[PDB]
Amino acid sequence: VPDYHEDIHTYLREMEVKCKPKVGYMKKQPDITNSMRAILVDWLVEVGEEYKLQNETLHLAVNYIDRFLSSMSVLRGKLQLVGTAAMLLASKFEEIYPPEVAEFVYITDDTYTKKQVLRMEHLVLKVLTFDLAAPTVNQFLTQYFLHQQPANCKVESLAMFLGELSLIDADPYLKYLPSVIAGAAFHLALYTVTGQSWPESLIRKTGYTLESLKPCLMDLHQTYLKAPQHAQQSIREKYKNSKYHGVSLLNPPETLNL
Amino acid sequence: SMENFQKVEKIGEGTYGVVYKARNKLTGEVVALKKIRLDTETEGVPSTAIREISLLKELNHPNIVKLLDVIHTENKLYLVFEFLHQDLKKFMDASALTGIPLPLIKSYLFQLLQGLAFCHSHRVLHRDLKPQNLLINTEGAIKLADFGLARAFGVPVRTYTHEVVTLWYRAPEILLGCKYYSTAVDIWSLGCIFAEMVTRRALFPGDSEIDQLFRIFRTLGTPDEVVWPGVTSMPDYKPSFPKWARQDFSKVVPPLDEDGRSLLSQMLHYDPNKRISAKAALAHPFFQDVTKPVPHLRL
Ligand SMILES: *CCS(=O)(=O)c1ccc(Nc2nc(OCC3CCCCC3)c3nc[nH]c3n2)cc1
């Protein structure tokens with residue numbers, strides 16, 4: 175739709191700042207931690223696989239969760255309820271055939287009842303004031319992919335893989351905007367696979383240089399190198415599939431050029 | 000919550016919910032209230048409401064119907080909208096004997112294209128443009144309404160819901176089962192509506208998907224690989240389709256001048272890639288003398 179491409183990019187750059195969670199929020203949660211959140215997001219990855227949901231749905235759900243927990247204190251017993259309602263809302267927003275509510279009750283192992291899921295759904299809507307059309311890492315990556323020469327589907331799947339790993343760890347990735355994580359992920363995928371770098375044409379589009387992406391890149395490179403040891407593994411399993419060209423099997427680079 | 004609103008009468012039922020006319024007792028404002036039942040869904044808040052509200056909060060524009068407020072209950076959600084006076088369908092019937100003046104057609108098309116360009120710039124497809132969803136006021140404005148079939152798109156798009164757009168206003172790429180569609184589907188709808196304001200009858204009033212295709216093909220020619228690269232590999236294309244010759248556009252909408260015909264033809268281009276954007280259409284010479292007349296309203 176090349177004609178609205180730049181208007182849309184501009185608009186998403188504006189809205190990503192408005193949908194941004196609060197970077198410090200876990201410090202203010204008395205009862206939950208980054209490690210509990212990692213467990214939850216990893217579980218949502220599995221749920222996404224189980225029901226064959228879009229990656230976008232997963233990214234949206236995690237945005238909803240981070241924004242909700244930015245203002246609402248939640249006990250550990252209830253963190254999965256928040257996450258289940260967020261995935262339900264994301265599915266309703268984004269999916270052609272979302273799973274029905276009963277399916278969402280079933281995958282929580284009847285920890286929660288259906289009316290609890292529906293009531294959380296409504297509370298999450300109130301808290302986010304219905305502002306659900308949030309920009310994601312995935313939406314930026316997809317635009318950035320159009321600047322390949324030519325398209326390389328391993329580069330594409332590996333970028334999505336790295337962007338997805340960023341969802342698991344609130345420290346450090348909550349401090350980076352989606353467009354920046356997408357930038358770091360695209361560059362790191364492109365260099366890992368082809369040896370090439372963040373292209374000139376994307377500097378013109380985004381205003382980001384390798385310099386400006388460096389802090390995120392340094393974090394993301396470390397996450398990639400340590401992905402095999404991480405307590406959470408569902409994203410590595412998912413990306414062994416041929417649908418993603420088995421990219422979780424590719425060797426991360428020992429070092430980057432800079 | 001609803002303490003301050005006084006219901007006046009029911010307007011109708013769109014894609015979901017029911018719409019009433021109401022007035023704010025404290026300010027005097029006349030509003031349209033869309034009532035949405037939640038206890039009917041122990042599936043919860045419907046996807047159509049979730050989309051309509053999240054998108055309409057972002058889309059603030061003089062040719063897009065304005066969402067003023069959202070009022071919750073446990074059991075009901077009420078959307079408060081600015082009230083408009085009638086739909087374009089009603090207005091066209093009211094105009095049957097006397098015709099819609101060209102200045103007003105031009106004004107309405109210009110305004111609709113502004114509204115649509117705004118939607119498309121904000122990554123929103125409407126997917127249900129038709130005269131019943133286009134609302135006018137006593138001051139010469141027209142606005143896009145009923146965003147219950149709308150969605151947020153990505154660049155580049157993926158496969159979205161197939162069962163989309165009312166049949167008469169549905170683009171050929173959807174009828175032929177294309178894997179991808181985009182903003183061009185809304186322009187197609189608008190092109191059908193432009194022709195309809197001029198003649199006062201629907202351009203392609205088909206009774207089925209195949210009847211719709213055949214009506215389109217009789218007016219614009221059966222598309223081939225020259226006019227639309229890739230048509231013949233599209234999923235619901237049949238090589239048995241009759242091959243009709245294209246009609247010259249001065250017969251399609253006989254009252255339309257040269258500039259009008261040029262514009263209509265770029266809006267009804269088969270190839271979605273070549274179909275004119277709303278943004279580009281605003282600069283077409285058809286609009287060089289555009290004004291904003293006030294219609295003759297018989298509320
Ligand atoms: C047939 C009734 S009318 O033409 O006299 C008429 C139409 C519209 C309004 N005002 C109005 N209506 C709606 O939504 C009504 C639905 C729209 C979709 C099709 C079914 C009806 C509005 N939404 C937001 N503002 C609105 N204003 C008055 C009279």
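Heads up: the sequence lines are chains B and A, in that order.
In terms of PDB author numbering, the first sequence opens at residue 175 and continues consecutively.
In terms of PDB author numbering, the second sequence opens at residue 0 and continues consecutively.
Ideal Cβ positions, reconstructed from N, Cα and C, are used throughout, including at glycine.
Cβ distance (whole Å) where residue i is taken to contact residue j below 8 Å
i: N59/A; j: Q113/A; result: No, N59/A and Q113/A are not in contact; Cβ-Cβ is about 13 Å, not under 8 Å.
i: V163/A; j: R126/A; result: 5 Å
i: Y159/A; j: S188/A; result: That belief does not hold up - the Cβ atoms of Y159/A and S188/A are roughly 15 Å apart, past 8 Å.
i: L111/A; j: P292/A; result: The Cβ separation is near 15 Å, so there is no contact.
i: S247/B; j: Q203/B; result: 6 Å
i: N132/A; j: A144/A; result: 5 Å
i: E57/A; j: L67/A; result: Contact doesn't hold; Cβ gap of about 15 Å is too wide.
Residue i CB to nearest heavy atom of ligand 1 below 7 Å
i: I10/A; result: yes
i: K6/A; result: no
i: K89/A; result: yes
i: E81/A; result: yes
i: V163/A; result: no
i: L336/B; result: no
i: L296/A; result: no
i: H84/A; result: yes
i: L399/B; result: no
i: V29/A; result: no
i: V69/A; result: no
i: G16/A; result: no
i: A144/A; result: yes
i: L134/A; result: yes
Contact test: residue i Cβ vs ligand 3 heavy atom, cutoff 7 Å
i: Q131/A; result: Ligand 3 is not part of this structure, which contains only ligand 1.
Test: residue i CB closer than 8 Å to a CB of chain A
i: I239/B; result: no
i: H296/B; result: yes
i: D177/B; result: yes
i: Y185/B; result: yes
i: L299/B; result: yes
i: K226/B; result: no
i: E190/B; result: no
i: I270/B; result: yes
i: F304/B; result: yes
Burial state of residue i, where buried means 16 or more other Cβ atoms lie within 10 Å
i: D283/B; result: exposed
i: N425/B; result: exposed
i: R297/A; result: exposed
i: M392/B; result: exposed
i: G16/A; result: buried
i: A359/B; result: buried
i: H295/A; result: exposed
i: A280/A; result: buried
i: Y271/B; result: exposed
i: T39/A; result: exposed
i: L432/B; result: exposed
i: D205/B; result: exposed
i: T383/B; result: exposed
Cβ of residue i within 8 Å of any chain B Cβ
i: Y236/A; result: no
i: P241/A; result: no
i: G205/A; result: no
i: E42/A; result: yes
i: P155/A; result: yes
i: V69/A; result: yes
i: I52/A; result: yes
Rounded straight-line distance, which links the Cα of residue j to that of residue i
i: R200/A; j: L101/A; result: 16 Å
i: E330/B; j: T258/B; result: 28 Å
i: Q403/B; j: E411/B; result: 13 Å
i: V29/A; j: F117/A; result: 26 Å
i: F216/A; j: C177/A; result: 17 Å
i: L292/B; j: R250/B; result: 19 Å
i: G43/A; j: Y179/A; result: 30 Å
i: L332/B; j: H161/A; result: 30 Å
i: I141/A; j: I135/A; result: 4 Å
i: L306/B; j: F248/A; result: 44 Å
i: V79/A; j: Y418/B; result: 45 Å
i: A194/A; j: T310/B; result: 40 Å
i: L124/A; j: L212/A; result: 22 Å
i: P204/A; j: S232/A; result: 26 Å
i: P228/A; j: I49/A; result: 37 Å
i: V289/A; j: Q5/A; result: 39 Å
i: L394/B; j: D345/B; result: 11 Å
i: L76/A; j: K20/A; result: 16 Å
i: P241/A; j: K278/A; result: 35 Å
i: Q246/A; j: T368/B; result: 52 Å
i: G147/A; j: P427/B; result: 48 Å
i: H361/B; j: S209/B; result: 28 Å
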